[PDB]
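# Sequence and experimental coordinates follow.
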Amino acid sequence: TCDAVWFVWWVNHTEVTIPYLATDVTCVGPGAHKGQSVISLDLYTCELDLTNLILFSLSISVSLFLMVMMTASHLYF
Amino acid sequence: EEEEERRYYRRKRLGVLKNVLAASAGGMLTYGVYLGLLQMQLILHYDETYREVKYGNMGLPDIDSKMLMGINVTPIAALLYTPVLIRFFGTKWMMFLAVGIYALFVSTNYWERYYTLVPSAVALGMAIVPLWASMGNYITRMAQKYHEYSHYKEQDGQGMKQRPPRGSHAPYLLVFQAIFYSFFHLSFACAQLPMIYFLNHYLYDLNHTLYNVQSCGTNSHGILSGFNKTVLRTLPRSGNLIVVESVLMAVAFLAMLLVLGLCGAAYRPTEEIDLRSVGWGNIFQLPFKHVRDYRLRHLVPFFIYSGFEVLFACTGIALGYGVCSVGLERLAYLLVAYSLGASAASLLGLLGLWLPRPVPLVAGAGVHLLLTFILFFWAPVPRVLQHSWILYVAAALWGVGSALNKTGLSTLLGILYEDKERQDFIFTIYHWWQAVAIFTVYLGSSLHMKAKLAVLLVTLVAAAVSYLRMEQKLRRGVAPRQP
Amino acid sequence: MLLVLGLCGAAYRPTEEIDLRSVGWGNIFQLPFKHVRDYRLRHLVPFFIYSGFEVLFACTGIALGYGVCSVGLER
Ligand SMILES: *[C@@H]1O[C@H](CO)[C@@H](O[C@@H]2O[C@H](CO)[C@@H](O)[C@H](O)[C@H]2NC(C)=O)[C@H](O)[C@H]1NC(C)=O
Ligand SMILES: *[C@@H]1O[C@H](CO)[C@@H](O)[C@H](O)[C@H]1NC(C)=O
């Protein structure tokens, strides 16, 4: 799973002698990712550096700011 | 000098027309982005893979259920606060507040947590009814202003200073309502663009996700009884998801800005200070006092049936019949076919103007009724790809019926009431009853069948409409007076 | 039920019945909805809500919330 995403990355770019890396060490889950090899794994599921929170905060701030500005403009005519 | 006033009135008419067009465009754009985001979230949050790798121990089904509850229940409380809010902000500012709340809900789907999705869903359910109320009131008011402008330009001294139209604004309101509903129905088609361009290429075939479906159609026994646990073949990269959500946010922002800028002001603060002469201690009871109206007691089932049929066309045909033969590959295509059928029915009902008012309405009450029969006896086998055009033509005919029903209802509500407060109250009651019908269908989920209830409701609606027509022709002469 | 039916008699006085019928049926449905404008109700409604909340908390919250800890269904 993505819970240890860097683990999925650690097997990709690291020179450590791990035999049977593509046919024996497999995945138990979850669901559609059963039987997958660890070397052929790449999980972009987890958000990376927290830019999603920045974008969400910016969007809600812009929305509330436009709302407040338009309400104040209507009140002030 | 007479050409100056002529050009002034022509420019005012063009401004009214472009304001109506921009309002309809913004409404359809925000409705489309909302529907697309809701569909993408409903499809993406129904799988063990995504839920367990992105969130895992986060309670994603609980969050989805709480969001659905906050969206489908809060309109009831929204009725209690919608009249004072729609008469305090204005007719246009309410649309801006609603599209802003919609943009807030669209933004709250970025981080996707409980404390950010529950209040957003509550606000969306609180604003869904005032949005439609303000939209209908603004459309009707702009149509009446267009009519009185044209009649004062063509008749200077012949037009009375007070009450110009005398029930002659139907050809000028129907033409606007036709394009309004055409845009609102093309909104359903525009809602399927992200799913087609990003989600339709990530799910595997129907041979694995439609395996445990032994019986469907008439033997539904629920919204989705038999279905596989997973639906996505590969997991979508966070880059594609974030870029499509940013595109959705940008198009919602553009819709909100075009609603704000390309509308101007059509309120006339004289009407504001006239409305303030009524007070606040009576506006809270005015919609509760209009219950004694005779036309409402027969038009309420019409509104309940409108809500029931729109929610059955949104879910019952796509997730009940269109999911049998084909999986999620042609669901967006079925929805866009429904949308094109409804858009064609908009112009079809626009063409039916020379005939009297209650001609297509009951006609609609028959056509989809026939479809109900087809939806009662015929049951498609899910694990065969034999006939695919039957679902297409069924969705097209159902969209035609729904669109003609909606435009006839709107034209009847616009021609039956002409006062600004009267139109506001009628639209508020209509949208409250539509939200009640939506909530009832939400509670009526996971049941045996909903076609018998549909045909019973449409029969009762046809009977009530015929009764109202035959009593209005006999001149009953009943109307409430609460100035 | 039988003691309620028999040991009560009649205390209605059909004169009051025909006086109440002078109001009509098209207004009694709105009378409780019109009494919302009363000033005492706007402050007595929370009293009633609290009465309901406390009776349902005494029926379940104390027996099934605290009385079930030390002793089971015996006490
Ligand atoms: C969902 O679909 C999967 C396949 O896409 C089903 O998994 C199969 O289950 C049967 C039953 O034992 C096995 O014989 C197959 O080998 C499985 N296919 C695999 C592992 O690829 C799964 O049972 C379905 N679940 C539901 C609830 O419909
Ligand atoms: C996959 O689905 C198609 C749909 O027509 C069907 O013809 C084919 O037999 C299926 N393959 C299977 C079940 O292996």
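Sure thing, it's come through. Numbering: from 1, shown residues only, chains lettered A, B, ... in the order given. Ligands and ions are numbered 1, 2, ... in the order given.
# tell me which parts of chain B are close to chain A?
B:47-50, B:52-54, B:56, B:89-90, B:93, B:96-97, B:100, B:103-104, B:107-108, B:110-111, B:116, B:229-230, B:232-233, B:235, B:237-239, B:242, B:246, B:249, B:253, B:256, B:260, B:269 (C-beta under 8 Å from any C-beta of the partner chain). (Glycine included, C-beta is placed from N, CA and C.)
# Type out the ChimeraX command that picks the buried ones from these.
A single ChimeraX command selects the buried members of these (16 or more other C-beta atoms under 10 Å in any protein chain shown):
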select /B:47,49,50,52,53,54,89,90,93,96,97,100,103,104,107,108,110,111,116,230,232,235,238,242,249,253,256,260
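# ranges for the helices of the stretch 101-250 of chain B?
For the stretch 101-250 of chain B, the helices defined by DSSP state H, counting those that start in this stretch occupy B:114-154, B:170-190, B:193-194, B:206-209, B:238-261.
# for these, which one sits closest to residue B:200?
helix B:193-194 (9.6 Å; C-beta to C-beta).
# Give the other helices and strands that the closest one contacts.
Packing partners of helix B:193-194 (3 or more C-beta pairs under 8 Å, 6 or more residues apart in numbering or on different chains; DSSP states H and E): helix B:3-44, helix B:238-261.
# Go through those helices and name the closest to chain C.
Counting by C-beta to the nearest C-beta, chain C lies closest to helix B:3-44 out of the helices and strands packed on helix B:193-194; the figure is 33.7 Å.
# The longest helix anywhere in chain A vs chain B: in contact?
Across chain A, the longest stretch assigned as helix under DSSP state H is helix A:52-76. Yes. Helix A:52-76 is in contact with chain B by C-beta under 8 Å from any C-beta, via A:52-53, A:55-56, A:59-60, A:62-64, A:66-67, A:70-71, A:74.
# and the stretch 201-350 of chain B, which residues reach ligand 1?
B:208, B:211-212, B:228-229 (C-beta under 6 Å from any ligand atom).
# for those, which one is nearest residue A:44?
Distance ranking of those against residue A:44, using C-beta to C-beta, places residue B:229 first at 22.4 Å.
# The closest one against residue B:48, yeah?
Yes. With contact defined as C-beta atoms under 8 Å, residue B:229 and residue B:48 form a contacting pair (5.7 Å).
# Mutual contacts of these two, please.
Overlap of the contact sets of residue B:229 and residue B:48 (by C-beta atoms under 8 Å, 6 or more residues apart in numbering or on different chains) consists of residue A:31.
# Quick one: closest of the helices of the stretch 101-250 of chain B to residue A:27.
helix B:206-209 (18.5 Å).
# Mind listing what's buried along that closest one?
Residues B:206, B:209 are the ones in helix B:206-209 that count as buried (16+ other C-beta under 10 Å).
# State which one residue of chain A is found closest to ligand 1.
Relative to ligand 1, the nearest point of chain A is residue A:34 (7.3 Å; C-beta to the nearest ligand atom).
# who's in contact with that residue?
A:27-28.
# gap between it and chain C?
Distance, residue A:34 to chain C, using C-beta to the nearest C-beta, to the nearest Å: 44 Å.
# again with residue B:195
Following C-beta to the nearest C-beta, the distance that separates residue B:195 from chain C is 46 Å.
# Count the residues that sit near that residue.
Residues contacting residue B:195 under the criterion other C-beta atoms under 10 Å in any protein chain shown number 19.
# What sits closest to residue B:44 if chain neighbours are left out?
residue B:50 (6.0 Å; C-beta to C-beta, 6 or more residues apart in numbering or on different chains).
# same deal with residue A:25?
Residue nearest to residue A:25 in three dimensions, not counting chain neighbours: residue A:38, with 5.4 Å by C-beta to C-beta, 6+ apart.
# Verify the contact between the one you found and residue A:21 for me.
Yes. The criterion here is C-beta under 8 Å, and residue A:38 meets it with residue A:21 at 6.5 Å.
# Tell me which of these two has more neighbours.
residue A:38 (17 against 14).
# need the contact list for that one.
Contacts of residue A:38 (C-beta under 8 Å, 6+ apart): A:8, A:11, A:21-22, A:25-27.
# Check the gap between it and residue A:31 for me.
To residue A:31, residue A:38 is 17 Å away according to C-beta to C-beta, to the nearest Å.
# Could you do residue B:465 as well?
When residue B:465 is compared with residue A:31 (using C-beta to C-beta), they lie 51 Å apart.
# before we move on, back to that, as JSON lines, the contacts of residue A:38 with secondary structure and distance to residue B:471 would be great.
Shown next, in JSON lines, are the contacts of residue A:38 (DSSP: H, G, I helix; E, B strand; the rest coil; distance: C-beta to C-beta, whole Å):
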{"residue": "A:8", "secondary structure": "helix", "distance to residue B:471": "72"}
{"residue": "A:11", "secondary structure": "coil", "distance to residue B:471": "78"}
{"residue": "A:21", "secondary structure": "coil", "distance to residue B:471": "82"}
{"residue": "A:22", "secondary structure": "coil", "distance to residue B:471": "80"}
{"residue": "A:25", "secondary structure": "coil", "distance to residue B:471": "80"}
{"residue": "A:26", "secondary structure": "strand", "distance to residue B:471": "75"}
{"residue": "A:27", "secondary structure": "coil", "distance to residue B:471": "71"}
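# Please check these and keep the buried ones.
So, by 16+ other C-beta under 10 Å, the buried ones in the contacts of residue A:38 are A:8, A:11.
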